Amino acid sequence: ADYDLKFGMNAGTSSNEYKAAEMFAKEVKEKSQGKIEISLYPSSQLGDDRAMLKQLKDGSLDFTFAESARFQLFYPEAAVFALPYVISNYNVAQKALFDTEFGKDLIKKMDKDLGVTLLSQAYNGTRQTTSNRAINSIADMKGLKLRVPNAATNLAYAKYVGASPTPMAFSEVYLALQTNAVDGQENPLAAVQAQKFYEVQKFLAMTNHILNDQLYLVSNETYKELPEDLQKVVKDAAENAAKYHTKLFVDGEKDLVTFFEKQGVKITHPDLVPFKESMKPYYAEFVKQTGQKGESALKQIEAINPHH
């Protein structure tokens, strides 16, 4: 095609992310009259999300996914998006990004500094904790060998609840669980399904600890080359895809209990009061490290009423 473009992702071919990206690619092909074709590169073929964000910056990859929280790699205060238990729900995640001074200035920085244009935001689920033994309370987290992604906020979740974290890439997790090299991991229900972690984890605990969004990102090097009518095709398609993406996750969160129980998984509901209390020193550390900018981001986000 005139524009043979590429969309990379960590998520695999059975995932909601991939299904929504498929929708995006199909609409862009159709509505561009075939001028743009977007091919998909799932399962970390191109590297992880850190690597793929660098590829958007350089222009060697056209589209990718990231969370708002991922930008804590560049702007430490943006860890606010993934401080456990701070963001109540997706409604808060949306307003935090688009309707705070903090969020709006982040979007502008992603463009100016990082060479990426934010097309749309979707919901990517609320992370829960799977394991090879029951988590009936916070006591069961003590010394649990808990895999985490290579992200500071997930590492801190594991540390402050009393677990023993092992960072590793998403692609490596299934084998780590299967072999019991680690005891557990944490991800939204949809990812537990998509990666088939239920095959290698007997237990799931509703820790409700971090809320993931999902940003549809384009490389400025690519977006600048598209005539403006095709830019609009791409933006409109990303917006349509994000709405579908969010629905896939919302529907799955009300539907997946039946699925996991049918697969033999035991689901627990530990008291979250001590999980939340265990985070108080982390929040203090975040404020110490990120200073006024972090205190401000937290104030702005904690001001958002969670009720639609």
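Residue numbers run from 1 along the displayed sequence. By rigid core we mean the largest C-alpha set that fits within 1.5 Å across both forms.
Root-mean-square C-alpha deviation from the shown form, taken over all structures in 6 other deposited structures of this protein superposed by the rigid core, is larger for 167 to 175 than for the alternative among 217 to 225 and 167 to 175. Superposition on the core shows that, in 6 other deposited structures of this protein, the C-alpha atoms drift more in one of 87 to 95 and 192 to 200; this is 192 to 200. The stretch with the higher mean CA B factor, choosing between 267 to 275 and 61 to 69, is 267 to 275.
Stretches 74 to 82 and 118 to 126 differ in mean C-alpha B factor, with the higher average recorded for 74 to 82. For the set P149, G184, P188, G143, the PDB entry assigns the largest Cα B-factor to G143. The entry assigns its greatest Cα B factor, within the set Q195, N154, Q94, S164, to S164. The entry lists a Cα temperature factor for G252 that places it in the middle third of the chain's modelled residues. In this PDB entry, the Cα temperature factor of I87 sits in the top third of its chain's modelled residues, the highest group. For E37, the recorded CA B-factor ranks within the highest third of the chain. Only modelled residues enter the ranking.
Looking at the C-alpha B-factors along this chain, the one for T13 belongs to the middle third. For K243, the recorded CA temperature factor ranks within the lowest third of the chain's modelled residues.
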